[PDB]
Amino acid sequence: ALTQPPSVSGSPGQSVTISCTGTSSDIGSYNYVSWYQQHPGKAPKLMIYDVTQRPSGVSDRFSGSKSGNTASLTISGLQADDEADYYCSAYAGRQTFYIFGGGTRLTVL
Amino acid sequence: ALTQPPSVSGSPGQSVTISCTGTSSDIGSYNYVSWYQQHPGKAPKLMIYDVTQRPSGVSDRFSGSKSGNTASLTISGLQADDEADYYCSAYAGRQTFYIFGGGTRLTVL
Amino acid sequence: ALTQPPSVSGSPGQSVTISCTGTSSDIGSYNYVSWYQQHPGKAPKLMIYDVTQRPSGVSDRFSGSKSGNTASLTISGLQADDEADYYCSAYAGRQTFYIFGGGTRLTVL
Amino acid sequence: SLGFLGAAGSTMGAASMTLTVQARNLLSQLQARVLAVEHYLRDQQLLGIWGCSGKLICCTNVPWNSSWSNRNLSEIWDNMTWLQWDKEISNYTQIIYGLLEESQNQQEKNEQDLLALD
Amino acid sequence: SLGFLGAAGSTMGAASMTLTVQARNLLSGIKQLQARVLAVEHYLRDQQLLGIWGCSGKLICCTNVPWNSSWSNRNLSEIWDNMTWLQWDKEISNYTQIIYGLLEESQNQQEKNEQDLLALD
Amino acid sequence: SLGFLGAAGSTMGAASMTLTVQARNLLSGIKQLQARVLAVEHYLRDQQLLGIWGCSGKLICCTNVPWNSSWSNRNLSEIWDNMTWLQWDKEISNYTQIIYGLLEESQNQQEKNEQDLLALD
Amino acid sequence: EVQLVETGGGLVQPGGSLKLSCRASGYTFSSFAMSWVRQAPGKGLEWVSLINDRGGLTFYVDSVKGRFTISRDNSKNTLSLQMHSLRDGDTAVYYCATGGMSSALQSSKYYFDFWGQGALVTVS
Amino acid sequence: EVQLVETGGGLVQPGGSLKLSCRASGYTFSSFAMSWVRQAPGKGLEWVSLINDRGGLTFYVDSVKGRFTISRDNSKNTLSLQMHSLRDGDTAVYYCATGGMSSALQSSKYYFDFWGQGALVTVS
Amino acid sequence: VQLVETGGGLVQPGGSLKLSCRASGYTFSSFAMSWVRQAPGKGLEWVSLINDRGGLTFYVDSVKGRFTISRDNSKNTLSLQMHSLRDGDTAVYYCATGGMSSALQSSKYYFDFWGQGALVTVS
Ligand SMILES: *[C@@H]1O[C@H](CO)[C@@H](O)[C@H](O)[C@H]1NC(C)=O
Ligand SMILES: *[C@@H]1O[C@H](CO)[C@@H](O)[C@H](O)[C@H]1NC(C)=O
Ligand SMILES: *[C@@H]1O[C@H](CO)[C@@H](O)[C@H](O)[C@H]1NC(C)=O
Ligand SMILES: *[C@@H]1O[C@H](CO)[C@@H](O)[C@H](O)[C@H]1NC(C)=O
Ligand SMILES: *[C@@H]1O[C@H](CO)[C@@H](O)[C@H](O)[C@H]1NC(C)=O
Ligand SMILES: *[C@@H]1O[C@H](CO)[C@@H](O)[C@H](O)[C@H]1NC(C)=O
Ligand SMILES: *[C@@H]1O[C@H](CO)[C@@H](O)[C@H](O)[C@H]1NC(C)=O
Ligand SMILES: *[C@@H]1O[C@H](CO)[C@@H](O)[C@H](O)[C@H]1NC(C)=O
Ligand SMILES: *[C@@H]1O[C@H](CO)[C@@H](O)[C@H](O)[C@H]1NC(C)=O
Ligand SMILES: *[C@@H]1O[C@H](CO)[C@@H](O)[C@H](O)[C@H]1NC(C)=O
Ligand SMILES: *[C@@H]1O[C@H](CO)[C@@H](O)[C@H](O)[C@H]1NC(C)=O
Ligand SMILES: *[C@@H]1O[C@H](CO)[C@@H](O)[C@H](O)[C@H]1NC(C)=O
Ligand SMILES: *[C@@H]1O[C@H](CO)[C@@H](O)[C@H](O)[C@H]1NC(C)=O
Ligand SMILES: *[C@@H]1O[C@H](CO)[C@@H](O)[C@H](O)[C@H]1NC(C)=O
């Protein structure tokens, strides 16, 4: 249900953003939007939840926001070790619990 | 869901009927069938409600009937501002409250 | 709805299996599978109910079984068990009470 | 809020919005306390025999008979008060209650059968 | 139609149609006052016991507690068509408290599940 | 299984699992009749008050009244996990009449909305 | 073991109405749920409607919920099926039957047991 | 004389939002339910939304359930329809109307007895 | 926190397979649990959610008639029994915490702790 454009790229020291597009009944109606960072061979560790919150145990260079029916993940101090498949996840309601977009490959030159 | 014929016409002094056809969930199961008259450039006014009832101030030239899954607006004679776009409307239950048909042009020849 | 074999056959003194298959909401989730014998020109009569049971008045050599989403009627002997379509039926919940699908015109040659 | 019975002289469609004010004054010498408790429990039992267990406004499946009262709703709810209405239908109240009981009994069996479908 | 306890000797399937007749007769100097208080206390204890089972306001209340075959190994064609409520009450004098405890626990689980589902956005 | 009030010193989240243990101990010369009548009157006032709120027949009743942060600014991780019902009662007792009035008004609005929804043919 | 006798109707135009009925004998009618099952001349069996023993609960397939009404009279031992807005696709032999659902205090069935002799419905 | 006057907006961009404020006079505002009905320039009348007399209950067509909010203020005698995420297909005249529902104690109507002037809502 | 799945592949589609997951490092009975599907060439898909007590289970429509999720709070394990498996169900199935809170806790609607994959193939 969610749209996540692939082939996102950047460079160390520059900021990057990854977009996520949903609809009025899920992103617009709920604030339960989360982001995951999956390295190849590794579990998709949680990075962002509740749009603006982060869990303990991760760097604070990861942030995000929501507006309208869209949401985004922002990385400021991009590192070479941030090359990974990022996922957008959102709560859709009681009849459908969670929706995901496709994988977004973030590469760092 | 309501189909009614266009291009209804008649001479002054003659009577006409305007039909409205629906299904069992729109017309057959309910007596809440109404008719409206809209003049070009003006908001529609209520002319017939509850199949056989008239609003106060509306003359007795407008009547109507219901049979099966169809209903009819009967106009006895034709004069003055009878030339207009007429609409049928019906209660369609709790899931869809009201359904309107298309416009019927009534002209006085 | 319920898939049945294309009118299997066999010699008198041999047995046949008449399958009846469906989905999880028709067969897999319920044990209320019954079989009926409808002689041409006559009304159907109950032969098997509750998968394995037969009513009083019905002779032996009629039995059944169930595995997975497949139920079956085993008919042994074929002692003038003349062609009578051998319909299956299953309970499929409150919304879809009973389904019969097709039929099996068993012939005893 | 007007207070206890302050809507008694108001119309039924206005007094019907103050039911909790009346309800809270039904519970709050021993013979008087036991009598009040018994009257409260008899009224709650009548509500529980019907399907109106925990409700103050309860819609039922008993159709209204024109022989009980032939007034339209524009008179019963907008013009008439509860005292006048209570006087008008006293002669039929015991009939109406009986029908309410019968309706709930049928409903209970129907629900018991509807929950019996696998 | 048969009056209070008139169906006591009828089968329980037939006696189940007279629940309102039995219910209406449960509510209606020092001895009169003690008798009235005692009747009120018995009524309220039965109503509380129904309430903690999720059966408040109902005379026929279905539950989700399965019937154990050890409590009474009888078919419905025998319990409901060929037995009275008095004989049944004698038969399950034992295990009544087990059934009541299971009903209380099942209702506690149902209340928690309903609270979690209603709190689910 | 802790007994009557055994959960009194437990946290609110743990004490909410014993609602039937406390509920079943609320019901069970002229001095003793006064005591019994007062126990019945307190029980009935609590049951009527639950009924007014639309909570009849339930021990855990969810409502449509939003929580006002001025009544208590604690989050769920503090109220339910690190607080007992006695401490909560001490903190909320200043605001329980406002809460009760809001519950009564909310149920009256809910009953009117349900009656109007059931009046649609 | 029991006797079920249907009474049918004649030829009806599309959009008309037709009433079928069924009489029971040899058993207690009020003790069993009854149903109506349809069979097109060249097809198999299709269940159409089910009514419980008291007549209070009726169930239908989606295609007939707004067209067919099933009614029961336990004093006359009589069933009826009133069909409106009939189409040519409804031409079939209709049977009344004893079986189907049981009323919660009885052993579970979920099957049809006793069948009638059939009644023809022909739609032009 | 009962009068309804729409004082809402006009031209908006695709994806934009606006509100339509409808004033009413000549009758007791709190005693009647109200609605908004849509009519495209080349189509007939289409019902969009209705609100009860007390304002607690709102009903919509499926296409606007996640986009349109209808509310009323009985002290200001003001009806307000807030529209979000409008599409090019939503260009139409939106009529403010009184009637179509009653709160169970009045009478059965299911009709719109008063209509406004019609606000014109367009999308670039 | 650790989550260790036990599982394996399947041959002859149409059969059934039992998967399990063991939790450590946190109170198992205090958190909701879920299973999430990730095909090798696709993104993440949520499959099932069970609450902390285990009384409430939720599924996507495609597996409502196929998958059963249960949890044992005494052994701190999950058990997922998958019936009528098809070749299109080949994916890595991850065991994860979260997905809901039982009304008396702050809401989450996220999956924080993830497992390492059930590594389930269908042939
Ligand atoms: C008494 O009647 C007047 C006349 O309309 C009315 O305005 C007033 O509200 C009534 N009193 C009560 C308590 O309803
Ligand atoms: C109203 O009561 C009379 C009293 O005999 C009865 O004959 C009639 O059928 C009743 N009507 C309704 C609709 O209940
Ligand atoms: C109700 O009946 C009375 C008869 O006295 C009539 O005057 C009044 O107009 C009726 N109400 C309606 C809404 O027609
Ligand atoms: C109904 O309204 C009229 C208004 O003139 C009043 O005179 C009459 O008494 C009212 N009816 C009742 C029963 O109070
Ligand atoms: C009601 O009963 C009383 C006496 O019991 C009688 O005077 C009165 O006329 C009766 N009313 C009706 C409407 O039958
Ligand atoms: C007592 O038993 C007989 C035996 O047939 C039965 O007919 C009768 O109805 C029973 N009595 C009651 C009150 O049910
Ligand atoms: C039924 O009761 C017996 C008591 O001996 C117990 O062992 C058995 O587990 C019970 N059955 C169920 C299904 O709980
Ligand atoms: C019910 O159980 C008894 C016990 O023997 C048996 O005789 C009777 O036939 C059973 N009834 C049915 C309908 O199976
Ligand atoms: C109940 O259990 C006791 C235990 O000794 C036994 O004596 C008694 O007979 C039992 N009663 C029934 C009705 O089974
Ligand atoms: C009392 O407090 C201790 C603190 O750890 C806790 O473990 C214990 O369960 C508490 N008692 C009760 C009855 O909750
Ligand atoms: C409740 O909160 C509102 C703001 O949401 C505030 O205006 C009001 O005063 C609060 N209530 C109390 C009793 O302080
Ligand atoms: C939430 O609760 C924690 C304690 O569990 C507390 O430290 C924190 O400040 C609270 N947050 C709020 C009220 O926003
Ligand atoms: C709250 O948590 C602290 C943590 O040490 C504990 O000591 C205290 O007893 C807890 N309070 C309650 C009421 O359980
Ligand atoms: C409740 O109100 C009284 C009245 O002054 C005040 O003294 C007391 O501190 C208040 N309680 C709380 C918990 O604030």
# chains A, B, ... in the order shown; residues from 1 in each chain; ligands from 1

$ residues_near_ligand --ligand "ligand 12" --cutoff "9 Å" --atoms "only C-alpha atoms and all ligand atoms" --output "PyMOL selection string"
(chain F and resi 73-79+81-82) or (chain I and resi 106)

$ write_last_selection --atoms "N, CA and C atoms" --output "CSV table (one decimal), in the first residue's frame"
chain,number,residue,atom,x,y,z
F,73,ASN,N,-1.5,14.0,35.8
F,73,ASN,CA,-0.5,14.1,34.7
F,73,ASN,C,0.4,12.9,34.6
F,74,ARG,N,0.1,11.8,35.3
F,74,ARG,CA,0.9,10.6,35.2
F,74,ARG,C,0.6,9.8,34.0
F,75,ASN,N,1.6,9.1,33.5
F,75,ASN,CA,1.3,8.2,32.3
F,75,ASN,C,1.0,6.8,32.8
F,76,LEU,N,0.7,5.9,31.9
F,76,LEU,CA,0.2,4.6,32.2
F,76,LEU,C,1.3,3.8,32.9
F,77,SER,N,2.6,4.0,32.5
F,77,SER,CA,3.7,3.3,33.2
F,77,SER,C,3.8,3.6,34.6
F,78,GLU,N,3.2,4.7,35.1
F,78,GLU,CA,3.3,5.1,36.5
F,78,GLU,C,2.0,4.7,37.2
F,79,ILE,N,0.8,4.9,36.6
F,79,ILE,CA,-0.4,4.6,37.3
F,79,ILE,C,-0.6,3.1,37.5
F,81,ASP,N,1.6,0.4,36.8
F,81,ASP,CA,2.8,-0.4,37.1
F,81,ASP,C,3.4,-0.1,38.5
F,82,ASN,N,3.4,1.2,38.9
F,82,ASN,CA,4.1,1.6,40.1
F,82,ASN,C,3.2,2.3,41.1
I,106,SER,N,1.5,2.1,27.7
I,106,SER,CA,1.6,3.0,26.6
I,106,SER,C,1.6,2.2,25.3

$ residues_near_ligand --ligand "ligand 10" --cutoff "12 Å" --atoms "only C-alpha atoms and all ligand atoms" --output "MDAnalysis selection string"
chainID F and resid 1:18 81:85

$ write_last_selection --atoms "C-alpha atoms" --output "PDB file, in the first residue's frame"
ATOM      1  CA  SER F   1      -6.411 -16.273  44.662  1.00  0.00           C
ATOM      2  CA  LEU F   2      -5.020 -13.768  47.183  1.00  0.00           C
ATOM      3  CA  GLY F   3      -8.261 -13.453  49.167  1.00  0.00           C
ATOM      4  CA  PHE F   4     -10.443 -10.479  49.929  1.00  0.00           C
ATOM      5  CA  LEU F   5      -8.338  -7.314  49.542  1.00  0.00           C
ATOM      6  CA  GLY F   6      -5.223  -9.469  49.138  1.00  0.00           C
ATOM      7  CA  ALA F   7      -4.324  -7.277  46.153  1.00  0.00           C
ATOM      8  CA  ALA F   8      -4.794  -4.063  48.176  1.00  0.00           C
ATOM      9  CA  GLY F   9      -1.033  -3.571  48.243  1.00  0.00           C
ATOM     10  CA  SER F  10      -0.508  -4.785  44.677  1.00  0.00           C
ATOM     11  CA  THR F  11      -0.173  -2.459  41.726  1.00  0.00           C
ATOM     12  CA  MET F  12      -3.289  -1.305  39.905  1.00  0.00           C
ATOM     13  CA  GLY F  13      -2.509  -3.453  36.870  1.00  0.00           C
ATOM     14  CA  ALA F  14      -2.145  -6.514  39.087  1.00  0.00           C
ATOM     15  CA  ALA F  15      -5.020  -5.594  41.400  1.00  0.00           C
ATOM     16  CA  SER F  16      -7.431  -5.309  38.448  1.00  0.00           C
ATOM     17  CA  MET F  17      -7.283  -9.121  38.084  1.00  0.00           C
ATOM     18  CA  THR F  18      -9.051  -9.572  41.472  1.00  0.00           C
ATOM     19  CA  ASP F  81       2.763  -0.427  37.146  1.00  0.00           C
ATOM     20  CA  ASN F  82       4.139   1.574  40.123  1.00  0.00           C
ATOM     21  CA  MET F  83       0.985   2.703  41.962  1.00  0.00           C
ATOM     22  CA  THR F  84      -1.662   0.978  44.080  1.00  0.00           C
ATOM     23  CA  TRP F  85      -5.367   1.710  44.014  1.00  0.00           C
TER      24      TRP F  85
END

$ interface_residues --of "chain H" --to "chain F" --cutoff "10 Å" --atoms "only C-alpha atoms" --output "ChimeraX atom specification"
/H:52,54-57,101-105,108,110

$ calpha_fit_rmsd --fixed "chain B" --moving "chain A"
0.7 Å

$ residues_near_ligand --ligand "ligand 9" --cutoff "9 Å" --atoms "only C-alpha atoms and all ligand atoms" --output "PyMOL selection string"
chain E and resi 90-95

$ residues_around --residues "residue 96 of chain H" --least-positions-apart "4" --cutoff "9 Å" --atoms "only C-alpha atoms" --output "PyMOL selection string"
chain H and resi 4-6+22+34-37+79+114-119

$ write_last_selection --atoms "N, CA and C atoms" --output "PDB file, in the first residue's frame"
ATOM      1  N   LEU H   4     -31.768  29.877   3.938  1.00  0.00           N
ATOM      2  CA  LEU H   4     -30.448  29.284   4.124  1.00  0.00           C
ATOM      3  C   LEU H   4     -29.497  29.989   3.169  1.00  0.00           C
ATOM      4  N   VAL H   5     -28.405  30.537   3.699  1.00  0.00           N
ATOM      5  CA  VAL H   5     -27.440  31.293   2.904  1.00  0.00           C
ATOM      6  C   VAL H   5     -26.058  30.689   3.115  1.00  0.00           C
ATOM      7  N   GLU H   6     -25.470  30.174   2.039  1.00  0.00           N
ATOM      8  CA  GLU H   6     -24.111  29.652   2.070  1.00  0.00           C
ATOM      9  C   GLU H   6     -23.118  30.800   1.940  1.00  0.00           C
ATOM     10  N   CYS H  22     -22.769  27.697   6.315  1.00  0.00           N
ATOM     11  CA  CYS H  22     -24.161  27.917   5.950  1.00  0.00           C
ATOM     12  C   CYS H  22     -24.902  28.510   7.142  1.00  0.00           C
ATOM     13  N   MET H  34     -29.824  18.671   9.124  1.00  0.00           N
ATOM     14  CA  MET H  34     -29.361  19.387   7.938  1.00  0.00           C
ATOM     15  C   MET H  34     -28.449  18.501   7.104  1.00  0.00           C
ATOM     16  N   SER H  35     -28.156  18.963   5.892  1.00  0.00           N
ATOM     17  CA  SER H  35     -27.383  18.172   4.947  1.00  0.00           C
ATOM     18  C   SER H  35     -26.707  19.076   3.927  1.00  0.00           C
ATOM     19  N   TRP H  36     -25.757  18.482   3.205  1.00  0.00           N
ATOM     20  CA  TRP H  36     -25.164  19.062   2.009  1.00  0.00           C
ATOM     21  C   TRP H  36     -25.363  18.092   0.855  1.00  0.00           C
ATOM     22  N   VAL H  37     -25.846  18.628  -0.271  1.00  0.00           N
ATOM     23  CA  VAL H  37     -26.143  17.865  -1.481  1.00  0.00           C
ATOM     24  C   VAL H  37     -25.350  18.466  -2.637  1.00  0.00           C
ATOM     25  N   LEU H  79     -24.009  25.898  10.161  1.00  0.00           N
ATOM     26  CA  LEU H  79     -23.625  24.581   9.670  1.00  0.00           C
ATOM     27  C   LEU H  79     -22.294  24.739   8.946  1.00  0.00           C
ATOM     28  N   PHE H 114     -36.125  22.142   2.926  1.00  0.00           N
ATOM     29  CA  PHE H 114     -35.627  23.475   2.590  1.00  0.00           C
ATOM     30  C   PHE H 114     -34.257  23.369   1.942  1.00  0.00           C
ATOM     31  N   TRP H 115     -34.005  24.243   0.969  1.00  0.00           N
ATOM     32  CA  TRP H 115     -32.755  24.280   0.224  1.00  0.00           C
ATOM     33  C   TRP H 115     -32.193  25.692   0.251  1.00  0.00           C
ATOM     34  N   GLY H 116     -30.871  25.786   0.182  1.00  0.00           N
ATOM     35  CA  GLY H 116     -30.182  27.059   0.148  1.00  0.00           C
ATOM     36  C   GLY H 116     -30.005  27.568  -1.264  1.00  0.00           C
ATOM     37  N   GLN H 117     -29.044  28.476  -1.422  1.00  0.00           N
ATOM     38  CA  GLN H 117     -28.812  29.120  -2.709  1.00  0.00           C
ATOM     39  C   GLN H 117     -27.842  28.338  -3.579  1.00  0.00           C
ATOM     40  N   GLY H 118     -26.905  27.619  -2.964  1.00  0.00           N
ATOM     41  CA  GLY H 118     -25.915  26.852  -3.690  1.00  0.00           C
ATOM     42  C   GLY H 118     -24.573  27.543  -3.766  1.00  0.00           C
ATOM     43  N   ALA H 119     -23.570  26.971  -3.107  1.00  0.00           N
ATOM     44  CA  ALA H 119     -22.206  27.475  -3.182  1.00  0.00           C
ATOM     45  C   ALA H 119     -21.510  26.783  -4.342  1.00  0.00           C
TER      46      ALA H 119
END

$ interface_residues --of "chain G" --to "chain C" --cutoff "9 Å" --atoms "only C-alpha atoms" --output "JSON, numbers by chain"
{"G": [43, 44, 45, 46, 47, 48, 50, 59, 60, 61, 62, 95, 100, 109, 110, 111, 112, 113, 114, 115, 116, 117, 118]}

$ write_last_selection --atoms "C-alpha atoms" --output "PDB file, in the first residue's frame"
ATOM      1  CA  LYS G  43     -28.550 -28.919 -12.936  1.00  0.00           C
ATOM      2  CA  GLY G  44     -27.943 -30.262  -9.439  1.00  0.00           C
ATOM      3  CA  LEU G  45     -29.450 -29.293  -6.108  1.00  0.00           C
ATOM      4  CA  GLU G  46     -29.277 -25.776  -4.674  1.00  0.00           C
ATOM      5  CA  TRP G  47     -30.425 -24.745  -1.204  1.00  0.00           C
ATOM      6  CA  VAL G  48     -32.614 -21.622  -1.235  1.00  0.00           C
ATOM      7  CA  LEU G  50     -34.225 -22.355   5.779  1.00  0.00           C
ATOM      8  CA  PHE G  59     -32.203 -17.613   6.256  1.00  0.00           C
ATOM      9  CA  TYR G  60     -31.730 -17.205   2.508  1.00  0.00           C
ATOM     10  CA  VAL G  61     -29.074 -17.235  -0.176  1.00  0.00           C
ATOM     11  CA  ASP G  62     -27.979 -13.742  -1.243  1.00  0.00           C
ATOM     12  CA  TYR G  95     -38.750 -29.288  -2.663  1.00  0.00           C
ATOM     13  CA  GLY G 100     -31.323 -28.265   8.483  1.00  0.00           C
ATOM     14  CA  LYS G 109     -27.998 -31.868  12.432  1.00  0.00           C
ATOM     15  CA  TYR G 110     -26.955 -29.460   9.659  1.00  0.00           C
ATOM     16  CA  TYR G 111     -28.435 -31.861   7.112  1.00  0.00           C
ATOM     17  CA  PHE G 112     -31.657 -32.417   5.222  1.00  0.00           C
ATOM     18  CA  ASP G 113     -33.505 -35.608   6.188  1.00  0.00           C
ATOM     19  CA  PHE G 114     -37.088 -35.990   4.906  1.00  0.00           C
ATOM     20  CA  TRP G 115     -38.007 -34.766   1.419  1.00  0.00           C
ATOM     21  CA  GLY G 116     -41.289 -34.034  -0.320  1.00  0.00           C
ATOM     22  CA  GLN G 117     -42.386 -35.014  -3.814  1.00  0.00           C
ATOM     23  CA  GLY G 118     -41.459 -31.752  -5.568  1.00  0.00           C
TER      24      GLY G 118
END

$ calpha_fit_rmsd --fixed "chain H" --moving "chain G"
0.6 Å

$ residues_near_ligand --ligand "ligand 1" --cutoff "7 Å" --atoms "only C-alpha atoms and all ligand atoms" --output "number ranges by chain"
D: 6-7, 9-11, 14

$ select_by_dssp --residues "segment 19-100 of chain G" --states "strand (DSSP E or B)" --output "JSON, numbers by chain"
{"G": [19, 20, 21, 22, 23, 24, 25, 34, 35, 36, 37, 38, 39, 45, 46, 47, 48, 49, 50, 51, 58, 59, 60, 68, 69, 70, 71, 72, 73, 78, 79, 80, 81, 82, 83, 84, 92, 93, 94, 95, 96, 97, 98, 99, 100]}

$ interface_residues --of "chain I" --to "chain A" --cutoff "12 Å" --atoms "only C-alpha atoms" --output "MDAnalysis selection string"
chainID I and resid 2:3 34:50 57:62 92:100 106:119

$ residues_near_ligand --ligand "ligand 5" --cutoff "9 Å" --atoms "only C-alpha atoms and all ligand atoms" --output "MDAnalysis selection string"
chainID D and resid 68:69 87:92

$ write_last_selection --atoms "N, CA, C and O atoms" --output "compact mmCIF listing (two decimals), in the first residue's frame"
# COMPACT_ATOMS: atom_id res chain seq x y z
N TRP D 68 -54.48 1.87 21.98
CA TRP D 68 -53.94 2.34 23.25
C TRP D 68 -53.92 3.86 23.28
O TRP D 68 -54.32 4.48 24.27
N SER D 69 -53.45 4.47 22.20
CA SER D 69 -53.47 5.91 22.03
C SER D 69 -53.27 6.17 20.55
O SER D 69 -52.31 5.66 19.96
N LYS D 87 -51.67 9.35 32.69
CA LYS D 87 -53.11 9.21 32.92
C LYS D 87 -53.81 8.59 31.71
O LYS D 87 -54.70 7.76 31.88
N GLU D 88 -53.44 9.01 30.50
CA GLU D 88 -54.15 8.54 29.31
C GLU D 88 -54.03 7.03 29.11
O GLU D 88 -55.02 6.38 28.74
N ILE D 89 -52.86 6.44 29.35
CA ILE D 89 -52.62 5.03 29.04
C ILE D 89 -52.56 4.16 30.29
O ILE D 89 -51.97 3.09 30.26
N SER D 90 -53.13 4.61 31.41
CA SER D 90 -53.14 3.76 32.59
C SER D 90 -53.91 2.47 32.32
O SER D 90 -53.41 1.37 32.59
N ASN D 91 -55.06 2.59 31.65
CA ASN D 91 -55.93 1.44 31.42
C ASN D 91 -55.29 0.36 30.58
O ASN D 91 -55.76 -0.79 30.62
N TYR D 92 -54.25 0.68 29.82
CA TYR D 92 -53.59 -0.29 28.96
C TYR D 92 -52.19 -0.64 29.42
O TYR D 92 -51.55 -1.49 28.79

$ residues_around --residues "residue 77 of chain G" --least-positions-apart "3" --cutoff "8 Å" --atoms "only C-alpha atoms" --output "MDAnalysis selection string"
chainID G and resid 23:25 29:30 72:74

$ decode --residues "segment 105-115 of chain F" --atoms "N, CA, C and O atoms" --output "compact mmCIF listing (two decimals), in the first residue's frame"
# COMPACT_ATOMS: atom_id res chain seq x y z
N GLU F 105 -23.25 12.45 31.83
CA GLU F 105 -23.64 13.22 30.66
C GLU F 105 -23.27 12.48 29.37
O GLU F 105 -24.04 12.48 28.40
N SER F 106 -22.10 11.83 29.35
CA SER F 106 -21.70 11.08 28.17
C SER F 106 -22.66 9.93 27.90
O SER F 106 -23.02 9.68 26.74
N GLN F 107 -23.09 9.21 28.94
CA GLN F 107 -24.05 8.13 28.69
C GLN F 107 -25.40 8.66 28.24
O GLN F 107 -26.07 8.02 27.43
N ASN F 108 -25.84 9.81 28.76
CA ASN F 108 -27.11 10.35 28.27
C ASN F 108 -27.02 10.70 26.79
O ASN F 108 -27.94 10.40 26.01
N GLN F 109 -25.89 11.27 26.37
CA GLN F 109 -25.72 11.58 24.95
C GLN F 109 -25.63 10.31 24.12
O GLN F 109 -26.17 10.25 23.01
N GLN F 110 -24.97 9.28 24.64
CA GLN F 110 -24.89 8.01 23.94
C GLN F 110 -26.26 7.36 23.78
O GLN F 110 -26.55 6.79 22.73
N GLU F 111 -27.09 7.42 24.81
CA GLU F 111 -28.43 6.84 24.70
C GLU F 111 -29.28 7.58 23.68
O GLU F 111 -30.01 6.95 22.90
N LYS F 112 -29.18 8.91 23.63
CA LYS F 112 -29.92 9.63 22.59
C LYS F 112 -29.40 9.30 21.20
O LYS F 112 -30.19 9.12 20.26
N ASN F 113 -28.08 9.16 21.05
CA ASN F 113 -27.54 8.82 19.73
C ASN F 113 -27.95 7.41 19.31
O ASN F 113 -28.27 7.19 18.14
N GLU F 114 -27.96 6.46 20.24
CA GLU F 114 -28.39 5.11 19.91
C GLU F 114 -29.87 5.07 19.55
O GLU F 114 -30.26 4.35 18.63
N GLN F 115 -30.70 5.82 20.27
CA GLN F 115 -32.12 5.85 19.94
C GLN F 115 -32.35 6.44 18.55
O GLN F 115 -33.21 5.96 17.80
